[PDB]
Every structure is written in C-alpha cells, then in structure tokens.
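Novice: Please find one structure pasted underneath; my questions will follow.
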Amino acid sequence: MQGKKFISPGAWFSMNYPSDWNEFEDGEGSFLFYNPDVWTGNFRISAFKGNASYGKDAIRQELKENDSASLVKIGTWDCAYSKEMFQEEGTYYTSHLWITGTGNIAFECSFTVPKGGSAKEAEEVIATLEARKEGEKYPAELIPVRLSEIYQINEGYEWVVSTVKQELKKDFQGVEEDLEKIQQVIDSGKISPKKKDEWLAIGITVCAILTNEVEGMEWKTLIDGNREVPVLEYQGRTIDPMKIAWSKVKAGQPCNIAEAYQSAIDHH
C-alpha cells in the first residue's frame, strides 16, 4: 500500500512508487520505472537545480510555451500539466507531462501509457514527491536498492571474478567455497593496500555470497547523509560491504574473509 521509497542522488528528492514497478535505465539525470510483468505505463522523473527562482520559473515557462498546459495542484506541487498523443510502431500512446518545482529545483515528470490508460498512479507518485531542504538533516535509512547501486554490486562482483581468474586460474560461482579464492588473491598481494575501491569490491563480493547462501540477506541502498551505498539487510541489522574488508585494511588490520563472512551471519 505504501509502495517503494526512492531517494535520488544527493538526496535532492524522495518519492514513493508502486511496489509492482521496477527501475530501469533512462540515461544521465533521469529515472524510469514501470511494471515489467503487466505494463501499466512508463514513469520518468528528472530534477535540475539552478538559480534562486528556477523552480517557479520552470512552471511559468511551461505554461507560456505550451498552450495546452494548465496549472494543477498535486500534493504540495503546482504542476504545469499537459498530455499529447502519439503513435510509435503502429500503436497509440498518450504522453502525460508535469513540470513543477520550488525554490532552486525544477522537476519534469512524465507518464507514457497506451491510449485510454489511467494516469492515476503517476499522479499518486507526484503527490508523494518531496524536495529535501539543504540544512535539514535526514536520518540514515535503507531503501529498495537503486539501479545505481545495482550497477556497483555487479561491477564489484565482476572485478573479483576477473581477478580470481587472472591470478588463480579459477572460476567463481558466488558460493561459500569461493571465499577461500578471495583470501588467496588477498594473500597473494594482488590488491594494493591503498586502493579503496578494490577493497569495496571484495566486500561487495562477500555480501553477494551471503545473499546466495543465507536466506534473509537482502540488498538495499543505504542513504546516510552524503553516503549512498549498497548494503545488506538481515535480522534487523545492516551488513556493510565497506566494513567487511576496507575498514580493516584502512586500520592496518588483517582481512580474514572467512571470519568476516561468519561474523556477518552470527554477529560475533
């Protein structure tokens, strides 16, 4: 009923969207969501910051340029709302557009649906939209993993796989028996002690094995101040890839992978 929470990069904005939707790639600065099972339309949002009047200026610009736009109120937002019909591959669609903003931030939201389809979900998302005020601190929180962190999870895992192949001539399944292969590459000196991102990749990969082997381990995005990272949630606690290896390496302590993996599970 509440849906899934999304917090944007830099935590410029947050919103809730239907649980049956998933996030997909839309390019730089834009975010796309839709139901990949039974499609109900493509929701997009993008935000932009500019001068002190940028948000209200964006609303008025849309009303001026688009004679078919009218001003509607959705939650706290005054929106310049319009729609247009188009045809692609022989099929007719309607594109809904809402331009809104406040202070120095503007939003463009759209929803593309088969002709006749309801736009109500999109309006419901926009009613949940909030622009965070800089100087308000927002407590750390876990949200459904964003596509940005999904990419980081896969890139870290892929790097470890490649490293194990190159250094050890071994394959990698993402199973408990692979933990020793991670230890072998560490013990071989392959990872520079200064390269934080490689130690993060190690920790991400240990967390991937946890998700594969231990029921109830789930990837999330942690938004903690300016820190936006992939983490696991398990038994009411967070397991942070950064604390698997990097926190220790940074402190000059040994990285014992088998121990870190077990400690994630039993918290001792």
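The chains in the structure tokens are called A, B, ... from first to last as shown; in each chain the residues are counted from 1, and the ligands are counted from 1 in the order shown.
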What parts of segment 23-209 of chain A does DSSP call strand (DSSP E)? I'd like the answer as an MDAnalysis selection string.

Specialist: chainID A and resid 23:24 30:34 42:49 70:74 77:88 91:102 105:114 130:131 141:144

Novice: Applying 12 Å and only C-alpha atoms, which residues near segment 171-176 of chain A remain after dropping the ones on its own chain fewer than 4 positions away? List them as an MDAnalysis selection string.

Specialist: chainID A and resid 154 157:167 180:183 202 204:214 257:258 261:262

Novice: Skipping near chain neighbours, those fewer than 4 positions away, what residues fall within 9 Å of segment 79-94 of chain A using only C-alpha atoms, listed as a PyMOL selection string?

Specialist: chain A and resi 58-60+62-63+66+68-74+98-101+111-117

Novice: Output the selection as a short mmCIF file (atom, residue, chain, number, x, y, z; two decimals), in the first residue's frame - N, CA, C and O atoms for each residue.

Specialist:
```cif
data_model
loop_
_atom_site.label_atom_id
_atom_site.label_comp_id
_atom_site.auth_asym_id
_atom_site.auth_seq_id
_atom_site.Cartn_x
_atom_site.Cartn_y
_atom_site.Cartn_z
N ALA A 58 10.42 27.55 -14.08
CA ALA A 58 10.18 26.36 -14.94
C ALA A 58 8.68 26.13 -15.17
O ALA A 58 8.26 25.83 -16.28
N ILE A 59 7.90 26.28 -14.10
CA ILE A 59 6.44 26.20 -14.18
C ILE A 59 5.89 27.25 -15.15
O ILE A 59 5.15 26.91 -16.08
N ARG A 60 6.28 28.51 -14.94
CA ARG A 60 5.75 29.58 -15.77
C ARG A 60 6.22 29.40 -17.20
O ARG A 60 5.47 29.68 -18.12
N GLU A 62 6.73 26.61 -18.86
CA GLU A 62 5.88 25.59 -19.47
C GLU A 62 4.49 26.14 -19.80
O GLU A 62 4.00 25.94 -20.94
N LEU A 63 3.89 26.87 -18.87
CA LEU A 63 2.57 27.46 -19.13
C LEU A 63 2.60 28.41 -20.30
O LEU A 63 1.62 28.50 -21.04
N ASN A 66 3.46 26.28 -23.77
CA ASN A 66 2.55 25.21 -24.12
C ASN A 66 1.11 25.63 -23.83
O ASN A 66 0.68 25.63 -22.65
N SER A 68 -1.51 24.14 -24.38
CA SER A 68 -2.31 23.04 -23.85
C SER A 68 -1.96 22.64 -22.41
O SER A 68 -2.56 21.70 -21.85
N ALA A 69 -1.01 23.33 -21.79
CA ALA A 69 -0.73 23.07 -20.38
C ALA A 69 -1.68 23.87 -19.50
O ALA A 69 -1.98 25.04 -19.77
N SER A 70 -2.12 23.25 -18.41
CA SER A 70 -2.77 24.03 -17.38
C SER A 70 -2.20 23.71 -16.03
O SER A 70 -1.57 22.70 -15.85
N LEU A 71 -2.42 24.61 -15.10
CA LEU A 71 -1.86 24.50 -13.76
C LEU A 71 -2.78 23.63 -12.93
O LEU A 71 -3.97 23.97 -12.76
N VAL A 72 -2.25 22.54 -12.40
CA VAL A 72 -2.99 21.70 -11.49
C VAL A 72 -2.15 21.54 -10.21
O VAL A 72 -0.93 21.61 -10.24
N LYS A 73 -2.83 21.23 -9.10
CA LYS A 73 -2.20 21.02 -7.82
C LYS A 73 -2.23 19.53 -7.46
O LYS A 73 -3.28 18.91 -7.46
N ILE A 74 -1.06 18.96 -7.19
CA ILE A 74 -0.93 17.55 -6.80
C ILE A 74 -0.06 17.56 -5.57
O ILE A 74 1.11 17.98 -5.62
N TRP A 98 4.20 16.64 -16.46
CA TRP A 98 4.03 17.57 -15.34
C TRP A 98 5.35 18.25 -15.09
O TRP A 98 6.34 17.57 -14.80
N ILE A 99 5.37 19.57 -15.14
CA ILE A 99 6.54 20.35 -14.79
C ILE A 99 6.21 21.07 -13.50
O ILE A 99 5.23 21.79 -13.42
N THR A 100 7.05 20.89 -12.50
CA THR A 100 6.88 21.59 -11.24
C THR A 100 8.22 21.97 -10.63
O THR A 100 9.25 21.82 -11.22
N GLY A 101 8.21 22.44 -9.41
CA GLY A 101 9.43 22.97 -8.84
C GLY A 101 9.12 23.82 -7.62
O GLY A 101 7.98 24.20 -7.34
N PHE A 111 4.56 10.33 -17.89
CA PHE A 111 3.97 9.02 -17.80
C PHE A 111 3.43 8.71 -19.20
O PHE A 111 2.58 9.44 -19.67
N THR A 112 3.93 7.65 -19.82
CA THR A 112 3.56 7.27 -21.19
C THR A 112 2.80 5.98 -21.05
O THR A 112 3.30 4.99 -20.47
N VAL A 113 1.59 5.97 -21.59
CA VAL A 113 0.64 4.89 -21.37
C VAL A 113 -0.01 4.56 -22.71
O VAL A 113 -0.12 5.45 -23.57
N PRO A 114 -0.58 3.34 -22.86
CA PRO A 114 -1.41 3.11 -24.02
C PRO A 114 -2.59 4.05 -24.02
O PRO A 114 -3.10 4.42 -22.94
N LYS A 115 -3.03 4.46 -25.19
CA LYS A 115 -4.13 5.38 -25.22
C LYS A 115 -5.32 4.79 -24.44
O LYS A 115 -5.67 3.61 -24.55
N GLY A 116 -5.90 5.63 -23.61
CA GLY A 116 -7.03 5.23 -22.76
C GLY A 116 -6.61 4.80 -21.37
O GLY A 116 -7.46 4.64 -20.48
N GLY A 117 -5.32 4.55 -21.19
CA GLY A 117 -4.83 4.08 -19.88
C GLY A 117 -4.89 5.13 -18.78
O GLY A 117 -4.72 6.33 -19.02
#
```

Novice: Give the helix (DSSP H, G or I) residues of segment 23-188 of chain A, as assigned by DSSP on the backbone, as JSON, numbers by chain.

Specialist: {"A": [54, 55, 56, 57, 58, 59, 60, 61, 62, 63, 64, 65, 120, 121, 122, 123, 124, 125, 126, 127, 128, 147, 148, 149, 150, 151, 152, 153, 154, 155, 156, 157, 158, 159, 160, 161, 162, 163, 164, 165, 166, 167, 168, 176, 177, 178, 179, 180, 181, 182, 183, 184, 185, 186, 187]}

Novice: Emit the selected residues as a CSV table (one decimal), in the first residue's frame, including C-alpha atoms.

Specialist:
```
chain,number,residue,atom,x,y,z
A,54,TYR,CA,14.5,28.2,-11.1
A,55,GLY,CA,11.5,26.1,-9.9
A,56,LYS,CA,8.8,28.7,-10.3
A,57,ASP,CA,10.4,29.9,-13.5
A,58,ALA,CA,10.2,26.4,-14.9
A,59,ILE,CA,6.4,26.2,-14.2
A,60,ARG,CA,5.8,29.6,-15.8
A,61,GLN,CA,8.0,28.7,-18.8
A,62,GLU,CA,5.9,25.6,-19.5
A,63,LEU,CA,2.6,27.5,-19.1
A,64,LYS,CA,3.8,30.1,-21.5
A,65,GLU,CA,5.3,27.8,-24.2
A,120,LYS,CA,-3.6,7.9,-11.7
A,121,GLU,CA,-0.5,6.0,-10.5
A,122,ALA,CA,1.7,8.8,-11.8
A,123,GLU,CA,-0.4,11.4,-10.0
A,124,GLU,CA,-0.1,9.4,-6.9
A,125,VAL,CA,3.7,9.3,-7.2
A,126,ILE,CA,3.9,13.0,-7.7
A,127,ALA,CA,1.7,13.6,-4.5
A,128,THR,CA,4.4,11.8,-2.5
A,147,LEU,CA,19.8,0.9,-10.1
A,148,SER,CA,22.9,3.0,-9.4
A,149,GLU,CA,23.8,0.6,-6.6
A,150,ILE,CA,22.8,-2.5,-8.6
A,151,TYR,CA,25.5,-1.4,-11.1
A,152,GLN,CA,28.0,-1.0,-8.3
A,153,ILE,CA,27.2,-4.5,-6.9
A,154,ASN,CA,27.7,-6.1,-10.3
A,155,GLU,CA,30.8,-4.2,-11.2
A,156,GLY,CA,32.4,-5.1,-7.8
A,157,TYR,CA,31.5,-8.8,-8.2
A,158,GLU,CA,32.7,-8.9,-11.8
A,159,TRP,CA,36.1,-7.4,-10.8
A,160,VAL,CA,36.6,-10.1,-8.2
A,161,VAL,CA,35.6,-12.8,-10.6
A,162,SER,CA,38.1,-11.4,-13.2
A,163,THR,CA,40.8,-11.1,-10.5
A,164,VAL,CA,40.3,-14.7,-9.4
A,165,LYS,CA,40.5,-15.9,-13.0
A,166,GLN,CA,43.7,-13.8,-13.7
A,167,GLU,CA,45.6,-14.6,-10.5
A,168,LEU,CA,44.5,-18.1,-9.7
A,176,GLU,CA,30.8,-20.3,0.2
A,177,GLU,CA,33.6,-22.4,-1.2
A,178,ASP,CA,34.7,-19.4,-3.2
A,179,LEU,CA,35.6,-17.4,0.0
A,180,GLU,CA,39.0,-19.1,0.0
A,181,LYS,CA,39.7,-17.9,-3.5
A,182,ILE,CA,39.1,-14.3,-2.3
A,183,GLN,CA,41.5,-15.0,0.5
A,184,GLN,CA,44.1,-16.4,-2.0
A,185,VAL,CA,44.0,-13.3,-4.1
A,186,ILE,CA,44.4,-11.1,-1.0
A,187,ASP,CA,47.3,-13.2,0.4
```

Novice: Closest to residue 229 of chain A among A:103, A:139, A:144, A:75, using only C-alpha atoms?

Specialist: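 Closest to residue 229 of chain A of all the choices is A:144.
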